[PDB]
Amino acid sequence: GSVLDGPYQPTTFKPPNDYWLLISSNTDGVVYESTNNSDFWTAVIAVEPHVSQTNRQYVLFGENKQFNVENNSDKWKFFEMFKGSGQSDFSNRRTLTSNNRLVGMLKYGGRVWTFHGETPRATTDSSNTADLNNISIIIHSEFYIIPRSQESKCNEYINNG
């Protein structure tokens, strides 16, 4: 608990480099929208347990977007939708399956890192960006900030709540 700075209310801001944002989702839909409007876009979308394959409609980066989602599990799913250029389609780059309902985002070096997989064995991987410092995030939920050096405790929160 000594590494948690928060909770903060839903916020639009430029997150600092070298901190995990630990974002607490309390409903289905858009959890956050992050972009630099050049080479990096990520949105995370929450889907509640026991959702039969379906199209759902969202608003991402000011646009109406349809995504095909499925959650036949008893856990929440958090679908990471990525694109690397303005005109590209989104891809479901990674998913987190979790009833802890926390997602993580870290800006570090030339990459943005997140958690994926199924709790309690969720792990991290990354997207590249050549413009880390123009990333703005719209966070639709409460969140906490954890220094990158304390990632082991962030991992524990993702995996255990």
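Note that residue numbering begins at 1 and tracks the sequence as displayed.
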Worksheet item: Checking the entry, which one of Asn134, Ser52, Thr42, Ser126 has the top C-alpha B factor?
Response: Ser52
Worksheet item: Among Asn99, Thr95, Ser34, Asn68, which carries the highest Cα B-factor?
Response: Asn99
Discussion item. Test of reading the entry: by CA B factor among the chain's modelled residues, which third contains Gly29?
Written reply: middle
Worksheet item: Taking the entry's C-alpha B-factors for this chain, is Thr114 in the lowest, middle or highest third?
Response: lowest
Worksheet item: In terms of the chain's CA B-factor thirds, is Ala130 lowest, middle or highest?
Response: highest
Worksheet item: Lowest, middle or highest third: where is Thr12 by Cα B-factor in its chain?
Response: middle
